[PDB]
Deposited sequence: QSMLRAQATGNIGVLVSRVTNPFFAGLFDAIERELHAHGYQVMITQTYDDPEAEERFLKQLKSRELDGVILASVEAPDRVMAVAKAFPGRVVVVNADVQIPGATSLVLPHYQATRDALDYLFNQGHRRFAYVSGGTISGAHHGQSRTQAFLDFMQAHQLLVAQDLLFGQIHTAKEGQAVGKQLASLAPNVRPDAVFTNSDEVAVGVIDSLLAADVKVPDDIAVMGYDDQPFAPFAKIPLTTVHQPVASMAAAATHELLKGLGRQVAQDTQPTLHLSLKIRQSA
C-alpha cells in the first residue's frame, strides 16, 4: 500500500478540503500515503499531475476536478483500475466515474425559491457562463428553470468566474447598490463561500436577507450552519462520496473485494 494522489481545483475551497480529508483518512487506514495537488483549473497542472501516475510515482489517483477529459481517458485506459473520477460531472471511459445529479438538485433548489415567491433571479457561477465550464449541468438547470416559468433572464444579474467569499462580497455590494425594482429577489450562488460574501455585503448595506434578497448556497460546507445568516444550501454528501471513490480505487488496485444523494438544506438565508 503506496502513494495515492488526489486532484482538486482549489484546496481553500472547504468542499475540496473536506472531500480530501474523508478520502485521506480512509486510505490512510488502509496503509496508503495520500497527497493533494490543486490545479486552479489549469489543464497543464492536470497533465503534470497525471505524469506522476504515468511514471509510477503514484499507484492511483482520484480526480475531483477534470479539465481535459480526453487526456484523463488516455491515462485511465493505459492504467486500468488506477484512475477514479468523483463528482466532476463527467464519465471518463477507462476510469470508474461517480456523477452526482447536480442538474436535479439545482432545479429543485430553484423550484424551492420560486415557491417562496421569488421571481427576479441572479445566478452566479464559477465558470464562464457563455462557454463550456465547470458547473454547466447547474447552468443548464438554471436556464431550463427560467424557461419553464417563462422568466426573462436578466443578463445584468448573471455573474461568472466567481469563486471566493471576497468575490462574493463584490457581487453582493453591486446587488445591494441596485434600486429595489431592478434588485433580484433571490441569488443562486453555486457556492457557500460565495454566499457568505454576498450576504455580508447585503447586510452591510441594510439589505434584509432573506426578506429583501434570498441567498441560496451550494455544498453545505462546515461553516454553512454557523454563518451570520445560517445558509440555506444544497448539501453534498461529502463522506459518502469519499467512501465510494475510495472503494472504487481500492477495488481497482486489487485491495478490496467487490460489494449518493444531494439534498436541500433549509436554514435562514433562503
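Undergrad: Which runs of the deposited chain sequence never show up in the coordinates?
TA: Several stretches lack coordinates - namely 1-8, 268-272, in sequence order.
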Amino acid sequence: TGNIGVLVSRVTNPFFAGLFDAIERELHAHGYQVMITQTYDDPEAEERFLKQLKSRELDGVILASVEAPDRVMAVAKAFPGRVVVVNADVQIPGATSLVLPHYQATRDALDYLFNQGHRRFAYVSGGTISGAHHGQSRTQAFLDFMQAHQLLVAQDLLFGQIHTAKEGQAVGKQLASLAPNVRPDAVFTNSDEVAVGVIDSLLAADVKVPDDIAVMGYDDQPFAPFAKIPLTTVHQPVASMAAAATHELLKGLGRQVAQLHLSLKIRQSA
From here on, numbers count along this sequence of modelled residues.
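Undergrad: For residue 132, record whether it is unmodelled in at least a third of the other compared entries of this protein.
TA: Per the records, residue 132 goes unmodelled in at least a third of the other entries.
Undergrad: Going by the mean C-alpha B-factor recorded in the entry, which is higher: 93-101 or 146-154?
TA: Mean B over CA atoms: larger for 146-154.
Undergrad: Per the entry, where is the mean C-alpha temperature factor higher: 118-126 or 133-141?
TA: Result: 133-141.
Undergrad: Among 234, 62, 68, 231, which carries the highest Cα B-factor?
TA: That would be 68.
Undergrad: Based on the PDB record, which member of 12, 9, 259, 246 exhibits the highest Cα temperature factor?
TA: In the PDB entry, the greatest C-alpha B-factor among 12, 9, 259, 246 is found at 259.
Undergrad: Test of reading the entry: by CA B factor among the chain's modelled residues, which third contains residue 269?
TA: Lowest third - that is where residue 269 ends up once the chain's C-alpha B-factors are sorted.
Undergrad: Looking at the temperature factor on the CA atom of residue 225, which third of the chain's modelled residues does it land in?
TA: Highest third of the chain for residue 225's C-alpha B-factor.
Undergrad: Can you work out whether the C-alpha temperature factor of residue 42 puts it in the lowest, middle or highest third of the chain?
TA: It belongs to the middle third of the chain when residues are ordered by C-alpha B-factor.
Undergrad: Relative to the other modelled residues of the same chain, rank the CA B-factor of residue 169 and answer lowest, middle or highest third.
TA: Answer is lowest: the recorded C-alpha B-factor places it there.
Undergrad: By the record's CA B-factor, is residue 175 among the lowest, middle or highest third of residues in the chain?
TA: Lowest third.
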